[PDB]
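Coordinates from model25.pdb are shown below (PDB, C-alpha atoms).
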ATOM      1  CA  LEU R  20      30.659 -42.459 -33.576  1.00  0.00           C
ATOM      2  CA  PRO R  21      27.055 -41.201 -33.303  1.00  0.00           C
ATOM      3  CA  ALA R  22      25.364 -41.082 -29.899  1.00  0.00           C
ATOM      4  CA  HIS R  23      21.806 -40.855 -28.570  1.00  0.00           C
ATOM      5  CA  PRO R  24      20.320 -38.383 -26.054  1.00  0.00           C
ATOM      6  CA  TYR R  25      19.190 -39.457 -22.585  1.00  0.00           C
ATOM      7  CA  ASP R  26      15.689 -38.146 -23.286  1.00  0.00           C
ATOM      8  CA  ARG R  27      15.419 -40.850 -25.947  1.00  0.00           C
ATOM      9  CA  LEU R  28      17.516 -43.443 -24.113  1.00  0.00           C
ATOM     10  CA  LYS R  29      15.893 -45.493 -21.350  1.00  0.00           C
ATOM     11  CA  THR R  30      16.913 -48.277 -18.968  1.00  0.00           C
ATOM     12  CA  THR R  31      14.617 -50.754 -20.715  1.00  0.00           C
ATOM     13  CA  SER R  32      13.844 -48.939 -23.968  1.00  0.00           C
ATOM     14  CA  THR R  33      13.636 -50.681 -27.342  1.00  0.00           C
ATOM     15  CA  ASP R  34      14.329 -47.534 -29.361  1.00  0.00           C
ATOM     16  CA  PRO R  35      16.656 -47.775 -32.392  1.00  0.00           C
ATOM     17  CA  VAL R  36      20.433 -47.467 -32.072  1.00  0.00           C
ATOM     18  CA  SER R  37      23.544 -46.993 -34.207  1.00  0.00           C
ATOM     19  CA  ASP R  38      24.599 -50.556 -33.398  1.00  0.00           C
ATOM     20  CA  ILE R  39      27.210 -50.084 -30.673  1.00  0.00           C
ATOM     21  CA  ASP R  40      28.433 -51.739 -27.474  1.00  0.00           C
ATOM     22  CA  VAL R  41      25.182 -53.412 -26.424  1.00  0.00           C
ATOM     23  CA  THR R  42      26.621 -54.248 -23.004  1.00  0.00           C
ATOM     24  CA  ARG R  43      27.455 -50.552 -22.673  1.00  0.00           C
ATOM     25  CA  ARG R  44      24.180 -49.033 -23.873  1.00  0.00           C
ATOM     26  CA  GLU R  45      24.667 -46.279 -21.296  1.00  0.00           C
ATOM     27  CA  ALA R  46      27.786 -45.294 -23.237  1.00  0.00           C
ATOM     28  CA  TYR R  47      25.491 -44.495 -26.162  1.00  0.00           C
ATOM     29  CA  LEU R  48      25.092 -41.104 -24.487  1.00  0.00           C
ATOM     30  CA  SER R  49      27.374 -38.103 -24.991  1.00  0.00           C
ATOM     31  CA  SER R  50      30.400 -37.619 -22.739  1.00  0.00           C
ATOM     32  CA  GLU R  51      28.488 -34.669 -21.289  1.00  0.00           C
ATOM     33  CA  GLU R  52      25.095 -36.284 -20.698  1.00  0.00           C
ATOM     34  CA  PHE R  53      26.530 -39.693 -19.809  1.00  0.00           C
ATOM     35  CA  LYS R  54      28.936 -38.209 -17.263  1.00  0.00           C
ATOM     36  CA  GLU R  55      26.160 -35.835 -16.204  1.00  0.00           C
ATOM     37  CA  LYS R  56      23.914 -38.773 -15.311  1.00  0.00           C
ATOM     38  CA  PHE R  57      26.647 -40.939 -13.790  1.00  0.00           C
ATOM     39  CA  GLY R  58      28.669 -38.012 -12.479  1.00  0.00           C
ATOM     40  CA  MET R  59      31.735 -39.673 -13.982  1.00  0.00           C
ATOM     41  CA  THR R  60      33.459 -39.231 -17.343  1.00  0.00           C
ATOM     42  CA  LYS R  61      34.289 -42.036 -19.773  1.00  0.00           C
ATOM     43  CA  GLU R  62      37.696 -42.863 -18.296  1.00  0.00           C
ATOM     44  CA  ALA R  63      36.364 -42.110 -14.814  1.00  0.00           C
ATOM     45  CA  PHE R  64      33.258 -44.289 -15.078  1.00  0.00           C
ATOM     46  CA  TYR R  65      34.782 -47.084 -17.158  1.00  0.00           C
ATOM     47  CA  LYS R  66      37.478 -47.210 -14.478  1.00  0.00           C
ATOM     48  CA  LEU R  67      34.959 -48.553 -11.962  1.00  0.00           C
ATOM     49  CA  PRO R  68      34.495 -52.340 -11.655  1.00  0.00           C
ATOM     50  CA  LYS R  69      31.981 -54.413 -13.617  1.00  0.00           C
ATOM     51  CA  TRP R  70      29.701 -54.966 -10.624  1.00  0.00           C
ATOM     52  CA  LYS R  71      29.668 -51.224  -9.945  1.00  0.00           C
ATOM     53  CA  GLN R  72      29.486 -50.341 -13.640  1.00  0.00           C
ATOM     54  CA  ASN R  73      26.292 -52.372 -14.020  1.00  0.00           C
ATOM     55  CA  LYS R  74      24.871 -50.867 -10.828  1.00  0.00           C
ATOM     56  CA  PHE R  75      25.363 -47.211 -11.758  1.00  0.00           C
ATOM     57  CA  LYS R  76      24.113 -47.907 -15.283  1.00  0.00           C
ATOM     58  CA  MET R  77      20.605 -48.806 -14.120  1.00  0.00           C
ATOM     59  CA  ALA R  78      20.955 -46.251 -11.325  1.00  0.00           C
ATOM     60  CA  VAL R  79      20.582 -43.459 -13.880  1.00  0.00           C
ATOM     61  CA  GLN R  80      18.050 -45.476 -15.875  1.00  0.00           C
ATOM     62  CA  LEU R  81      20.743 -46.351 -18.417  1.00  0.00           C
ATOM     63  CA  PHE R  82      21.131 -50.080 -19.055  1.00  0.00           C
TER
END

Show me the file's structure as structure tokens.
Amino acid sequence: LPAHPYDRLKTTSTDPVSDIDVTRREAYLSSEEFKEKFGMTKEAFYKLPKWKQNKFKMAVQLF
């Protein structure tokens, strides 16, 4: 599926999207950028708990 760049994606941005996991807006980024901002890949990041997943998300301004 299509993804959006971090430069266009913000923690509280209202920009348009491709209609994906709203709860996982941060995932809207590419495996490279996303993992580059969270320091963890898809399987690596997703592995973390919900409480931690929501924390890191906003941590990189991605929520």

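For the atom pair formed by atom CA of residue R:56 and atom CA of residue R:37, the distance is 20.6 Å, given to one decimal.
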
Check what the PyMOL selection byres ((chain R and resi 32) around 12) selects in the file above and give those residues as a PyMOL selection string.
chain R and resi 25-31+33-36+44-45+77+80-82

List every protein, DNA or RNA residue that has at least one atom no more than 12 Å from (30.7, -37.2, -22.0) in the file's coordinates, counting only C-alpha atoms, and write the result as number ranges by chain.
R: 22-25, 45-65

Once 4 Å is added on each side, what centre and edge lengths in Å to one decimal does the axis-aligned box around all listed atoms of stretch 56-64 of chain R have, as JSON?
{"center_x": 30.8, "center_y": -41.2, "center_z": -16.1, "size_x": 21.8, "size_y": 14.3, "size_z": 15.3}

Using Å and a single decimal, report how far atom CA of residue R:21 sits from atom CA of residue R:69.
24.2 Å

Write stretch 51-70 of chain R as a PDB file, in the coordinates of the input, completed to N, CA and C atoms.
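Wrote it out as out-v3.pdb, contents follow:
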ATOM      1  N   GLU R  51      29.077 -35.667 -22.173  1.00  0.00           N
ATOM      2  CA  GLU R  51      28.488 -34.669 -21.289  1.00  0.00           C
ATOM      3  C   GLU R  51      27.290 -35.245 -20.540  1.00  0.00           C
ATOM      4  N   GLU R  52      26.297 -35.709 -21.291  1.00  0.00           N
ATOM      5  CA  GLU R  52      25.095 -36.284 -20.698  1.00  0.00           C
ATOM      6  C   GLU R  52      25.434 -37.520 -19.871  1.00  0.00           C
ATOM      7  N   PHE R  53      26.141 -38.461 -20.487  1.00  0.00           N
ATOM      8  CA  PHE R  53      26.530 -39.693 -19.809  1.00  0.00           C
ATOM      9  C   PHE R  53      27.176 -39.391 -18.460  1.00  0.00           C
ATOM     10  N   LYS R  54      28.228 -38.580 -18.483  1.00  0.00           N
ATOM     11  CA  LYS R  54      28.936 -38.209 -17.263  1.00  0.00           C
ATOM     12  C   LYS R  54      28.053 -37.357 -16.359  1.00  0.00           C
ATOM     13  N   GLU R  55      27.073 -36.686 -16.957  1.00  0.00           N
ATOM     14  CA  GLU R  55      26.160 -35.835 -16.204  1.00  0.00           C
ATOM     15  C   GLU R  55      25.142 -36.675 -15.438  1.00  0.00           C
ATOM     16  N   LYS R  56      24.868 -37.872 -15.946  1.00  0.00           N
ATOM     17  CA  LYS R  56      23.914 -38.773 -15.311  1.00  0.00           C
ATOM     18  C   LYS R  56      24.618 -39.709 -14.333  1.00  0.00           C
ATOM     19  N   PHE R  57      25.864 -40.051 -14.641  1.00  0.00           N
ATOM     20  CA  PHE R  57      26.647 -40.939 -13.790  1.00  0.00           C
ATOM     21  C   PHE R  57      27.621 -40.145 -12.924  1.00  0.00           C
ATOM     22  N   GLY R  58      27.767 -38.860 -13.236  1.00  0.00           N
ATOM     23  CA  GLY R  58      28.669 -38.012 -12.479  1.00  0.00           C
ATOM     24  C   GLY R  58      30.126 -38.362 -12.710  1.00  0.00           C
ATOM     25  N   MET R  59      30.374 -39.252 -13.664  1.00  0.00           N
ATOM     26  CA  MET R  59      31.735 -39.673 -13.982  1.00  0.00           C
ATOM     27  C   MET R  59      31.954 -39.709 -15.491  1.00  0.00           C
ATOM     28  N   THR R  60      33.126 -39.253 -15.925  1.00  0.00           N
ATOM     29  CA  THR R  60      33.459 -39.231 -17.343  1.00  0.00           C
ATOM     30  C   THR R  60      33.621 -40.644 -17.892  1.00  0.00           C
ATOM     31  N   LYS R  61      34.087 -40.743 -19.132  1.00  0.00           N
ATOM     32  CA  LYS R  61      34.289 -42.036 -19.773  1.00  0.00           C
ATOM     33  C   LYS R  61      35.389 -42.827 -19.071  1.00  0.00           C
ATOM     34  N   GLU R  62      36.564 -42.216 -18.949  1.00  0.00           N
ATOM     35  CA  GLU R  62      37.696 -42.863 -18.296  1.00  0.00           C
ATOM     36  C   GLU R  62      37.449 -43.010 -16.798  1.00  0.00           C
ATOM     37  N   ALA R  63      36.679 -42.084 -16.237  1.00  0.00           N
ATOM     38  CA  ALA R  63      36.364 -42.110 -14.814  1.00  0.00           C
ATOM     39  C   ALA R  63      35.362 -43.213 -14.493  1.00  0.00           C
ATOM     40  N   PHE R  64      34.292 -43.280 -15.279  1.00  0.00           N
ATOM     41  CA  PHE R  64      33.258 -44.289 -15.078  1.00  0.00           C
ATOM     42  C   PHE R  64      33.772 -45.676 -15.450  1.00  0.00           C
ATOM     43  N   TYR R  65      34.263 -45.809 -16.677  1.00  0.00           N
ATOM     44  CA  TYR R  65      34.782 -47.084 -17.158  1.00  0.00           C
ATOM     45  C   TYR R  65      35.794 -47.666 -16.176  1.00  0.00           C
ATOM     46  N   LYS R  66      36.481 -46.787 -15.455  1.00  0.00           N
ATOM     47  CA  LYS R  66      37.478 -47.210 -14.478  1.00  0.00           C
ATOM     48  C   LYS R  66      36.856 -48.125 -13.428  1.00  0.00           C
ATOM     49  N   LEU R  67      35.662 -47.764 -12.968  1.00  0.00           N
ATOM     50  CA  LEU R  67      34.959 -48.553 -11.962  1.00  0.00           C
ATOM     51  C   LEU R  67      34.869 -50.017 -12.385  1.00  0.00           C
ATOM     52  N   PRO R  68      34.614 -50.900 -11.408  1.00  0.00           N
ATOM     53  CA  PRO R  68      34.495 -52.340 -11.655  1.00  0.00           C
ATOM     54  C   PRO R  68      33.234 -52.692 -12.436  1.00  0.00           C
ATOM     55  N   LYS R  69      33.138 -53.947 -12.861  1.00  0.00           N
ATOM     56  CA  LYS R  69      31.981 -54.413 -13.617  1.00  0.00           C
ATOM     57  C   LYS R  69      30.722 -54.392 -12.756  1.00  0.00           C
ATOM     58  N   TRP R  70      30.832 -54.926 -11.545  1.00  0.00           N
ATOM     59  CA  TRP R  70      29.701 -54.966 -10.624  1.00  0.00           C
ATOM     60  C   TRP R  70      29.156 -53.566 -10.368  1.00  0.00           C
TER      61      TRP R  70
END
